[PDB]
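Asks: Okay, handing you the structure first.
Nothing in this text is a laboratory measurement; each read-out follows from the coordinates by a stated rule. Please note: Cβ atoms are built from the backbone with ideal geometry, for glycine as well, and neighbour counts cover all protein chains shown.
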Amino acid sequence: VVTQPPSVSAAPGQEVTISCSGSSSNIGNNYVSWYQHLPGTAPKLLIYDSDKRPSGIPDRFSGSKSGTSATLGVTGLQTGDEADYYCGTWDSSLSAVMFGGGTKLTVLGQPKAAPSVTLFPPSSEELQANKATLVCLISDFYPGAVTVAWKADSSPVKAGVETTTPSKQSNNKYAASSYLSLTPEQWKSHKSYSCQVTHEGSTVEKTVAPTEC
Amino acid sequence: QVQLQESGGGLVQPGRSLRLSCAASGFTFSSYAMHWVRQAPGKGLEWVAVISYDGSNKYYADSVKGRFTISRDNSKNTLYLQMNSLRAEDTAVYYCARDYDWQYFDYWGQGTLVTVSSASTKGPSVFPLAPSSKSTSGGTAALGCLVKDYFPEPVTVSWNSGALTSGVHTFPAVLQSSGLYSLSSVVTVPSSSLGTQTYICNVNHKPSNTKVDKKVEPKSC
Ligand SMILES: CCC(=O)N1CCN(c2ncnc3c(F)c(-c4c(O)cccc4F)c(Cl)cc23)CC1
Ligand code: NA
Ligand code: NA
């Protein structure tokens with residue numbers, strides 16, 4: 001319910017802001033705090049009470065709140081800042097803590113690169129095993145953050161999707177993978193399927209069809 | 001200093017139950033509310049529950065309300081999370097966190113991983129990801145293999161018995177809703193080579209002592 005942009009980036013020494021957008025029951029009327037998280041480690045408190053810094057957090061981290069939105073500002077970016085950032089808050093209507101969706105902060109260290117997308121239809125062998133997996137492989141992109149969406153003909157598909165977190169290739173760019181697990185009957189009962197990959201406000205869509213090789 | 005240590009995580013079957021514990025160290029435990037927070041593979045942080053200093057106030061995320069019970073024992077400096085009726089979507093690293101003044105989280109544990117799957121040890125099925133029929137000599141082709149439905153991790157993948165390493169990328173595994181893992185390995189090769197060079201992916205699954213070699217070749221299109 002509290003949303004944040006998926007990705008933000010800037011070069012070392014530059015600055016970024018990250019905002020999360022809520023409603024009056026949560027961000028509007030409640031304490032907002034911000035956390036830095038590198039998965040596999042423990043989240044770290046950056047900002048509490050919308051704009052206070054704990055001891056040990058440098059002044060290049062700052063926060064503000066305006067209406068139903070809250071903003072974290074980071075100046076003098078350094079590579080140690082590359083992490084996932086979450087705002088957290090209380091929702092008075094639900095009586096629950098809500099985290100924003102998270103924003104990956106990339107500190108740019110190499111050229112931006114739009115993804116290559118390779119979409120494999122189910123193999124003949126897998127179909128003969130009574131299964132149908134579409135394999136969307138996403139490669140050679142940077143920053144390492146993408147949003148993947150699947151379409152059957154032209155309608156959104158959410159069931160049966162699994163997507164990996166981007167990780168580095170040998171050439172130091174990122175790759176990720178997404179799977180759509182279908183029934184062979186679900187597969188053959190549509191004119192086409194599409195993997196749509198959004199990267200830095202730009203979208204690459206690949207399409208396959210049961211009737212075409 | 002203040003330290004927190006979770007434990008109890010591991011493999012558990014759907015529908016069954018599991019109890020997590022969080023031991024606390026460098027502070028007066030009975031003066032603080034305590035939270036559970038979790039992170040499912042590839043998802044954002046998700047708050048789970050909180051319990052006040054004396055347990056008279058507890059709150060739960062809707063996604064777990066009615067299935068999970070948060071409790072504490074202030075005489076043993078321990079926080080508990082009783083998880084019942086476990087579902088695949090409960091697979092996650094679970095963290096405990098100390099509350100400060102009903103305002104923010106200030107200290108966290110290391111986490112403990114919980115995997116919900118009915119699966120036993122099972123070797124993979126390997127299917128080919130054949131190169132596009134639109135490949136013409138003068139370009140490059142992506143081919144690969146889909147390693148699916150194995151348990152537990154890990155699988156290793158090589159190509160042509162280690163002879164082919166340039167241009168290979170093996171992806172992390174996903175845990176499918178079935179309780180089983182899948183991953184892919186892909187290699188970019190010259191389209192020129194597709195009618196002459198054999199490409200074989202070598203999949204080793206040590207936990208099941210299974211090795212699968214799959215030949216990946218162009219389709220009949
Ligand atoms: C048990 C006493 C009681 O009735 N209440 C009211 C609701 N409730 C809260 N009221 C205001 N802000 C809160 C709040 F900011 C949080 C909170 C926190 O303690 C830590 C991180 C993020 C949060 F939103 C939490 Cl868990 C509860 C809050 C808990 C305190
Ligand atoms: Na990066
Ligand atoms: Na490999």
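Asks: Counting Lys and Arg as +1 and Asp and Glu as -1, each charge on the Cβ, what is the dipole of the range A:7-107 about the Cα centre in debye, to the nearest 20?
Replies: That gives a dipole near 60 debye.
Asks: GNM on chain A, C-alpha springs below 10 Å: top fluctuator among A:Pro39, A:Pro166, A:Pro184?
Replies: Result: A:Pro39 has the largest fluctuation of those listed.
Asks: Applying the Karplus parametrisation 6.51 cos²θ - 1.76 cosθ + 1.60 with θ = phi - 60° to the phi angles of the range B:45-58, what ³J(HN,Hα) value in whole Hz is obtained for each residue in order, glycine and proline being reported as x?
Replies: Whole-Hz 3J(HN,Hα) from phi for the range B:45-58: 4, 10, 5, 9, 6, 9, 9, 6, 3, 10, x, 6, 10, 10.
Asks: A further question on this structure: In the protein assembly as shown, with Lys and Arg counted as +1 and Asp and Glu as -1 at Cβ, which of these residues, B:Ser184, A:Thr164, B:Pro207, has the Cα nearest the positive end of the dipole, that is, farthest along it?
Replies: Result: B:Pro207, furthest along the dipole toward the positive end.
Asks: Select from B:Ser85, B:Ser120, B:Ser166 the residue whose mean-square fluctuation is largest in a Gaussian network model of chain B (Cα-Cα springs shorter than 10 Å).
Replies: Sorting by GNM fluctuation, first place goes to B:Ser166.
Asks: Please list, by residue number, every one of the trypsin sites (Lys or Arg not before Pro) in the range A:112-213 that is coil in DSSP and has at most 10 other beta-carbon atoms within 10 Å.
Replies: A:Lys158
Asks: Quote the relative contact order of the range B:78-221 in percent (integer), defining contacts as alpha-carbon pairs under 8 Å separated by 6+ residues. Don't jump to the answer; show the numbers that get you there.
Replies: Details: 293 pairs, mean separation 35.2, N = 144.
Relative contact order for the range B:78-221 comes out at 24 percent.
Asks: So, one more: Not counting the cut sites, what is the longest span of chain A without GluC sites (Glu not before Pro) that DSSP labels loop and that have at most 13 other Cβ atoms within 10 Å?
Replies: A:16-211
Asks: Whole angstrom only: what separates the Cα centroid of the range B:2-28 from the Cα centroid of the range B:134-179?
Replies: Cα centroid of the range B:2-28 versus Cα centroid of the range B:134-179: 36 Å apart.
Asks: For the range B:1-116, what relative contact order do you get, as a whole percent, if you take Cα pairs closer than 8 Å and at least 6 residues apart? Could you put the intermediate results ahead of the total?
Replies: Working: 282 pairs, mean separation 41.5, N = 116.
Relative contact order comes out at 36 percent.
Asks: Can you tell me the relative contact order of chain A? Whole percent, Cα pairs under 8 Å, sequence separation 6 or more.
Replies: 18
Asks: Still on this structure: Size of the dipole of chain A about the Cα centre, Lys and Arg at +1 and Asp and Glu at -1 on the beta carbon, nothing else charged, in debye to 20? Intermediate values should be presented prior to the final figure.
Replies: Working: 15 positive and 17 negative charges, 19 e Å.
Roughly 100 debye, rounded to the nearest 20.
Asks: Explain nothing, just the number: dipole magnitude of the protein assembly as shown about its Cα centre with +1 on each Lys and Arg Cβ and -1 on each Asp and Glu Cβ, in debye rounded to the nearest 20.
Replies: 720
Asks: Among rounded, prolate and oblate, which fits the range A:15-128 when a ≥ b ≥ c are the square roots of the eigenvalues of its C-alpha gyration tensor, a/c under 1.5 means rounded, and a/b larger than b/c means prolate?
Replies: Note, shape of the range A:15-128 comes out oblate.
Asks: Same structure again: Residue farthest toward the positive end of the dipole of the range B:125-216, with Cβ of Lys/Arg at +1 and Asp/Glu at -1: which of B:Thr165, B:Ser135, B:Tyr150?
Replies: B:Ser135
Asks: Here's a follow-up. Quick one: if the Förster radius is 35 Å, what FRET efficiency do B:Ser193 and B:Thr156 give, using the C-beta to C-beta distance and rounding to 0.05? Spell out each step's value before the answer.
Replies: Working: r = 24 Å, r/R0 = 0.69.
After rounding, the FRET efficiency stands at 0.90.
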